[PDB]
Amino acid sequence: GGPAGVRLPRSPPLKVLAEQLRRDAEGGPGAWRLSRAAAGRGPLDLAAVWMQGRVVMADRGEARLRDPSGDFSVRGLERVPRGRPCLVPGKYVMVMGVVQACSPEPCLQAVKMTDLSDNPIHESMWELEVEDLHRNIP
């Protein structure tokens, strides 16, 4: 529903942490959703996600990243837009991705990855940004 030639996942890219995926995600491939039974609210939809992390490993179009909560893995990076190049160990980047696996280690199919290393504040805010947002979804 747009230009032909643009088709996006159904619900938006929810900001998350590796740990949340690892623990609160439910269903299985193509049918993913995050549990918020802890704060007694309903399940949120996990088609796409927005994660951030430092690159640990980079192998072609695979990569392992890490956020404060833990390690997550990405594939298919050879197919997304290439901005400033950032598939280097030690860069801090963001992924938009479609959830493949959640546990024991979360795997995404990348739609985008973008450098965020030219400004430290991105890293400082990531964990609060995640939390603030989960707080503002009813």
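One rule holds for the numbers: they count along the sequence shown, beginning at 1.
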**OP:** Averaging the C-alpha B factors as listed in the entry, name the stretch that ends up higher: 90-98 or 26-34.
**Re:** 26-34
Subject >> Between the two ranges 74-82 and 36-44, the one averaging a larger CA B factor in the entry >> reply: 36-44
Original post:
Quick one: which of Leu108, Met113, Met51, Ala58 has the biggest Cα B-factor according to the entry?
Top reply: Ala58
Subject >> Within-chain third of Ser124 by Cα B-factor, per the entry >> reply: lowest
